[PDB]
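Visitor: Let me give you the structure first, and then I'll get to my questions.
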Amino acid sequence: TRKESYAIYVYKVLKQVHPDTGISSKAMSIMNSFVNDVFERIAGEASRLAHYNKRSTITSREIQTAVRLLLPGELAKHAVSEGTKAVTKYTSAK
Amino acid sequence: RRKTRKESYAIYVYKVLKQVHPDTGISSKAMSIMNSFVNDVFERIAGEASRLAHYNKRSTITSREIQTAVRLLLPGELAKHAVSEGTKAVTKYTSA
Amino acid sequence: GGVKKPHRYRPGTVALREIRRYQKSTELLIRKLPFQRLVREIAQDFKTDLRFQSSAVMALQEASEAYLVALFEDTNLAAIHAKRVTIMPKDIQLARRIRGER
Amino acid sequence: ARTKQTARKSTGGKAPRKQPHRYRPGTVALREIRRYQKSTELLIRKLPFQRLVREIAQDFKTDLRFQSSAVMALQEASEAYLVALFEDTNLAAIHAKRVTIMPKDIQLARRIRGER
Amino acid sequence: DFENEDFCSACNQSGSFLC
Amino acid sequence: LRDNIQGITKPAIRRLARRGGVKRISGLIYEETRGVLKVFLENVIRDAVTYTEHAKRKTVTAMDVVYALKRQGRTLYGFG
Amino acid sequence: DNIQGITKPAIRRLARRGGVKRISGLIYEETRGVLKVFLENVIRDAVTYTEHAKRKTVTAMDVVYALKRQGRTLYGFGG
Amino acid sequence: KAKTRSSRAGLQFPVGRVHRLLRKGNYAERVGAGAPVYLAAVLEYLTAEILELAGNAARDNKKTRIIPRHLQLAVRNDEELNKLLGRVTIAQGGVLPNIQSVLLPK
Ligand SMILES: [Zn+2]
Numbered sequence: 029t030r031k032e033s034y035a036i037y038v039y040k041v042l043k044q045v046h047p048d049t050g051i052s053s054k055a056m057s058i059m060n061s062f063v064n065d066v067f068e069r070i071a072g073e074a075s076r077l078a079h080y081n082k083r084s085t086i087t088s089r090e091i092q093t094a095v096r097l098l099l100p101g102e103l104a105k106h107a108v109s110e111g112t113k114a115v116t117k118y119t120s121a122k
Numbered sequence: 026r027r028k029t030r031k032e033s034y035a036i037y038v039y040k041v042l043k044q045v046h047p048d049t050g051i052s053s054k055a056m057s058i059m060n061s062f063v064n065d066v067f068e069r070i071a072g073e074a075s076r077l078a079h080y081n082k083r084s085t086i087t088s089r090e091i092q093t094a095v096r097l098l099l100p101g102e103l104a105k106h107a108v109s110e111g112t113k114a115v116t117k118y119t120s121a
Numbered sequence: 033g034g035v036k037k038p039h040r041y042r043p044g045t046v047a048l049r050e051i052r053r054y055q056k057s058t059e060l061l062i063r064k065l066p067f068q069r070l071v072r073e074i075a076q077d078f079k080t081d082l083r084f085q086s087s088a089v090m091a092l093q094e095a096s097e098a099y100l101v102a103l104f105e106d107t108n109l110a111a112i113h114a115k116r117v118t119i120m121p122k123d124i125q126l127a128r129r130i131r132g133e134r
Numbered sequence: 001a002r003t004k005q006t007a008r009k010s011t012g013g014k015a016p017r018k019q038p039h040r041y042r043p044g045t046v047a048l049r050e051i052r053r054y055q056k057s058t059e060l061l062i063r064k065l066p067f068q069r070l071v072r073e074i075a076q077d078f079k080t081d082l083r084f085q086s087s088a089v090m091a092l093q094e095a096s097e098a099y100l101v102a103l104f105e106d107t108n109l110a111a112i113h114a115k116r117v118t119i120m121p122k123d124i125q126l127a128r129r130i131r132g133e134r
Numbered sequence: 256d257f258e259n260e261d262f263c264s265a266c267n268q269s270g271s272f273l274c
Numbered sequence: 022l023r024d025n026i027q028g029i030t031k032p033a034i035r036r037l038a039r040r041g042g043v044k045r046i047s048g049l050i051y052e053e054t055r056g057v058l059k060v061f062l063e064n065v066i067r068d069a070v071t072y073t074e075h076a077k078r079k080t081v082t083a084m085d086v087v088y089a090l091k092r093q094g095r096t097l098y099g100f101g
Numbered sequence: 024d025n026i027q028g029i030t031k032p033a034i035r036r037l038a039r040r041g042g043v044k045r046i047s048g049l050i051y052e053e054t055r056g057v058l059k060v061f062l063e064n065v066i067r068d069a070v071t072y073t074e075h076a077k078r079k080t081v082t083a084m085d086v087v088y089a090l091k092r093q094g095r096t097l098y099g100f101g102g
Numbered sequence: 013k014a015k016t017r018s019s020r021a022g023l024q025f026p027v028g029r030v031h032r033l034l035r036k037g038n039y040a041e042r043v044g045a046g047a048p049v050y051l052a053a054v055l056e057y058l059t060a061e062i063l064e065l066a067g068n069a070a071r072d073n074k075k076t077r078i079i080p081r082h083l084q085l086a087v088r089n090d091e092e093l094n095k096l097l098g099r100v101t102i103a104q105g106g107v108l109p110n111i112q113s114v115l116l117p118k
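In order, the protein sequences belong to chains H, D, A, E, N, B, F and G.
Quick note on numbering: the authors' numbering labels position 10 of the first sequence as 38, and the sequence is numbered without any gaps.
Quick note on numbering: the authors' numbering labels position 22 of the second sequence as 47, and the sequence is numbered without any gaps.
Quick note on numbering: the authors' numbering labels position 102 of the third sequence as 134, and the sequence is numbered without any gaps.
According to the authors' numbering, the residues represented by the fourth sequence are 1 to 19, 38 to 134, in order.
Quick note on numbering: the authors' numbering labels position 16 of the fifth sequence as 271, and the sequence is numbered without any gaps.
Quick note on numbering: the authors' numbering labels position 44 of the sixth sequence as 65, and the sequence is numbered without any gaps.
Quick note on numbering: the authors' numbering labels position 58 of the seventh sequence as 81, and the sequence is numbered without any gaps.
Quick note on numbering: the authors' numbering labels position 103 of the eighth sequence as 115, and the sequence is numbered without any gaps.
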């Protein structure tokens with residue numbers, strides 16, 4: 029019965045961006061399926077990379093080689109940058 | 026420091042090449058083509074099996090869910106002319 | 033003397049007007065019930081008495097209108113390719129002879 | 001009065017310084051349609067192709083050696099891509115009552131292919 | 256506008272030109 | 022039922038093509054298109070009745086439809 | 024200029040294998056740019072893969088691997 | 013007192029969830045700690061650029077909420093998000109309004 033989805037999380041980041049704007053539920057589902065799909069593509073490529081390099085673990089590195097192999101053009105640079113500063117804050121806060 | 030073992034189905038592709046065109050050989054290049062073929066189509070059908078399973082919220086690749094995916098990939102006659110040989114082969118396995 | 037003449041937009045004005053009308057609409061075009069039936073007879077051939085959700089149909093449509101509006105779009109470029117504004121069955125065919133479904 | 005400089009030399013004399039049977043157009047073309055269609059060898063002279071890859075990979079990473087089989091993989095892949103694109107172009111041409119591929123015919127094909 | 260030429264129209268040689 | 026392809030009426034095939042930015046739809050297109058709708062809807066629905074049976078379900082689900090569209094490449098967002 | 028190394032007669036040979044009977048003259052230079060941008064896509068991914076293995080040399084395996092990503096698999100060179 | 017991993021990473025998307033999923037997804041045998049943190053970091057970015065662009069689209073059509081339509085504009089107007097979401101067909105999107113130059117009246 030419990031349905032797991034990214035409802036409140038995308039809503040939060042929406043207010044972080046625009047703390048005045050509503051969202052449609054169908055449009056939400058567009059967002060949820062979209063983040064699920066891009067998550068699948070980034071995680072799959074990563075799994076592959078690993079299996080090619082005879083590794084066995086999905087390091088933050090793979091997710092990068094991946095984000096830079098999937099996300100196109102600039103969308104990547106800004107993804108990397110934000111992912112690197114995010115993992116930097118994760119290791120700084122331990 | 027003998028080179029490590031490289032996986033290949035080459036030895037196999039030949040047995041089958043002898044069970045079809047007996048007096049015919051293959052060239053290295055064509056054999057390697059065939060190995061890339063079997064690896065690619067195996068990865069395709071095995072990846073489909075995976076999702077089929079995950080979708081149905083179950084966790085085990087069995088014979089049913091692969092008869093299903095080979096159908097979903099191999100197109101047309103190829104599919105039917107496979108699933109039949111596949112069920113035979115499975116029953117002959119389980120036979121003994 | 034002066035005989036009347038009705039106000040008729042010239043061939044193409046009504047065309048482009050409803051083009052601007054329809055390229056702002058997101059509403060589905062092919063009508064629902066007519067489409068729903070399209071499937072029950074396109075499915076009965078694959079499995080009997082397959083019920084269908086009222087969402088599978090809506091999805092199998094959104095996916096269809098989307099597929100068709102893409103193909104028409106490449107059909108048009110293909111029609112302009114021969115310096116013509118009329119699309120032809122060959123166009124839907126050249127287009128599809130290049131996407132690799134044909 | 002507009003003026004321009006073309007000699008591009010402040011001083012002259014820079015060198016002296018201290019510092038018969040003939041086929042109709044198309045018959046030979048169709049003959050070597052048949053020749054390059056029955057054949058399987060690789061049509062872009064290799065060295066030139068390898069170089070194309072060195073000067074173009076340089077951008078993504080310097081000092082990047084390439085296994086020989088690789089530049090042969092780039093060739094095969096490139097010739098396959100271009101022969102597929104050229105089949106499509108010939109079609110995009112035979113469409114418009116013509117028999118001469120033209121740039122426009124390939125800016126279109128690629129749009130329908132969706133590679134743009 | 257049109258770009259002039261890179262050679263003199265009188266002697267057919269390069270140099271500084273009046274356009 | 023039978024021959025309901027005619028339900029995608031010409032008025033509509035047009036509206037779609039109109040949506041696609043065409044201005045003059047030659048006749049002999051209305052038939053071609055319906056044929057294209059019936060090769061697409063075929064494959065998708067087929068890959069959906071295969072998914073349907075695998076789950077031993079009977080009700081073709083919208084969930085299956087989406088997965089089917091993915092296989093062919095035409096992913097659809099809005100349903101799951 | 025290494026690009027101009029993809030010579031006309033070579034583009035003509037590609038057209039012949041492609042079944043083209045009359046090549047415009049302006050095609051030759053369009054086929055270069057299209058060629059470059061495509062190679063510039065594979066080789067890019069070929070190298071992402073390369074600098075993931077911390078390898079400095081690229082392999083044909085990485086090349087067909089980048090093709091698999093792009094979509095156009097290549098049989099005959101490994102994998 | 014237990015804090016969440018997202019506040020450790022400074023994110024809004026869940027880093028915890030994206031770990032489970034990564035694990036049960038069996039993308040690979042072992043998954044490290046920083047991999048779900050990076051993925052949540054990239055997903056929120058992509059969810060943000062797309063939401064921003066949707067916000068730029070909506071106000072234009074003077075609509076408070078964000079209907080599925082806006083999400084298409086945002087995606088088709090942008091040339092990056094369009095390569096990403098390029099074989100994707102959003103629900104109720106319509107198409108980018110466009111008519112060819114030869115179809116215009118003289
Ligand atoms: Zn002079």
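Positions of the beta carbon are idealized from the N, C-alpha and C atoms, including for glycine.
1. For residue 16 (chain D), does the count of other Cβ atoms within 10 angstroms reach 16, so buried, or fall short, so exposed?
2. Taking Cβ-Cβ distances shorter than 9 Å, what residues in chain G pair up with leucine 97 (chain B)?
3. Under the criterion of a Cβ to heavy atom distance below 7 Å, does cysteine 274 (chain N) qualify as lining ligand 1?
4. Do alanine 52 (chain G) and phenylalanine 25 (chain G) have their C-beta atoms closer together than 8 Å?
5. Would you call the CB atoms of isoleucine 29 (chain B) and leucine 70 (chain A) closer than 8 Å?
6. At a CB distance below 8 Å, what residues from the segment 99-127 of chain A approach chain B? Give them in sequence order.
7. Checking the sheet assignment: what are the DSSP bridge partners for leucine 97 (chain B)?
8. Establish whether the CB of residue 24 (chain E) and some CB of chain F are separated by less than 8 Å.
9. If contact means a Cβ-Cβ distance below 7 Å, which residues of the segment 76-108 of chain H contact chain F?
10. Between the segment 58-68 of chain B and the segment 69-82 of chain G, can you find at least three pairs of beta-carbon atoms closer than 8 Å?
11. Measuring only from the beta carbon, is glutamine 268 (chain N) closer than 7 Å to any heavy atom that is part of ligand 1?
12. Express the C-alpha separation of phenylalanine 67 (chain H) and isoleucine 86 (chain H) in angstroms, rounding to a whole number.
13. If we ignore side chains and look at the alpha-carbon of each, how far apart do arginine 49 (chain A) and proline 109 (chain G) end up?
14. Measuring alpha carbon to alpha carbon, tell me which residue in G:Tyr39, G:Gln112 and G:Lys13 is nearest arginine 116 (chain A).
15. For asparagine 259 (chain N), count neighbouring C-beta atoms within 10 Å of its own C-beta (all shown protein chains included) and say buried if the count is 16 or more, exposed if not.
16. Short check: CB of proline 80 (chain G) to CB of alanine 55 (chain H), under 8 Å?
17. Does the Cβ of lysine 44 (chain B) have 16 or more other Cβ atoms within 10 Å, making it buried, or fewer, making it exposed?
18. Cβ atoms of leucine 100 (chain E) and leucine 90 (chain F): under 8 Å apart, would you say?
19. Is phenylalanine 104 (chain E) closer than 8 Å to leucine 37 (chain F) when the C-beta atoms are compared?
20. Taking the alpha helix (DSSP H) that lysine 31 (chain F) belongs to, which residues open and close that run?
21. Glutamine 112 (chain G) touches chain H at which residues, Cβ-Cβ below 9 Å?
22. By the 10 Å Cβ neighbour count, where 16 or more other Cβ atoms means buried, how is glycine 105 (chain G) classified, buried or exposed?
23. In chain G, which residues lie less than 9 Å from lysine 54 (chain H) when you measure between Cβ atoms?
24. The beta strand (DSSP E) that contains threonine 80 (chain A), what's its start and end?
25. Would you kindly report the start and end of the unbroken beta strand (DSSP E) that includes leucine 273 (chain N)?
26. Does the distance from the CB of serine 271 (chain N) to the CB of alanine 7 (chain E) come in under 8 Å?
27. Closer than 8 Å, CB to CB, is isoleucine 130 (chain A) near chain E or not?
28. Curious, which full-length beta strand (DSSP E) runs of at least 3 residues does the segment 65-118 of chain G contain?
29. Is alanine 98 (chain E) buried or exposed, if buried means 16 or more other CB atoms sit within 10 Å of its CB?
30. Assuming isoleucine 91 (chain H) contacts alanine 74 (chain H) (C-beta within less than 8 Å), just tell me the rounded distance between them.
31. What are the residues in the segment 59-74 of chain E lying within 7 Å of chain F by C-beta distance?
32. With respect to 7 Å, is the separation between the Cβ of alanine 104 (chain H) and the closest non-hydrogen atom of ligand 1 below this value?
33. Is the beta carbon of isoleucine 62 (chain E) less than 8 Å from the beta carbon of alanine 33 (chain F)?
34. Beta carbons nearer than 7 Å to chain E: which residues of the segment 77-93 of chain F have them?
35. One question on the structure: do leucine 109 (chain A) and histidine 113 (chain E) come within less than 8 Å of each other, judged by their Cβ atoms?
Guide: On the basis of the coordinates in this document:
1. This structure cannot settle anything about residue 16 (chain D), because the visible part of chain D is limited to 26 through 121.
2. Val100, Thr101, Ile102 and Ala103
3. no
4. yes
5. yes
6. Listed in sequence order: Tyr99, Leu100, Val101, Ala102, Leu103, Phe104, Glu105, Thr107, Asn108, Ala111, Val117, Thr118, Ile119, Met120, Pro121, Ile124 and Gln125.
7. G:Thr101
8. Any structural detail on residue 24 (chain E) is unavailable, because chain E resumes at 38 straight after 19.
9. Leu77, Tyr80, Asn81, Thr93, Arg96 and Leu97
10. Too few Cβ pairs lie closer than 8 Å, so no.
11. Within the cutoff, so yes.
12. 14 Å
13. 13 Å
14. G:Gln112
15. The residue is exposed, with fewer than 16 neighbouring Cβ atoms inside 10 Å.
16. Contact flag set, yes.
17. buried
18. no
19. Yes. Within cutoff.
20. 31-40
21. The contacting residues do not exist; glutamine 112 (chain G) stays about 26 Å from chain H at best.
22. buried
23. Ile79, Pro80, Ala103 and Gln104
24. Here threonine 80 (chain A) belongs to no beta strand (DSSP E), and DSSP marks it neither H nor E.
25. 271-273
26. yes
27. For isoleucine 130 (chain A), the answer is yes, since a Cβ of chain E falls inside 8 Å of its Cβ.
28. 100-102
29. exposed
30. 5 Å
31. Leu61, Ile62, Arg63, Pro66, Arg69, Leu70, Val71, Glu73 and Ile74
32. no
33. Yes, they are a contact pair.
34. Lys79, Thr80, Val81, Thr82, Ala83, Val86, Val87 and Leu90
35. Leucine 109 (chain A) is not a Cβ neighbour of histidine 113 (chain E), given a cutoff of 8 Å.
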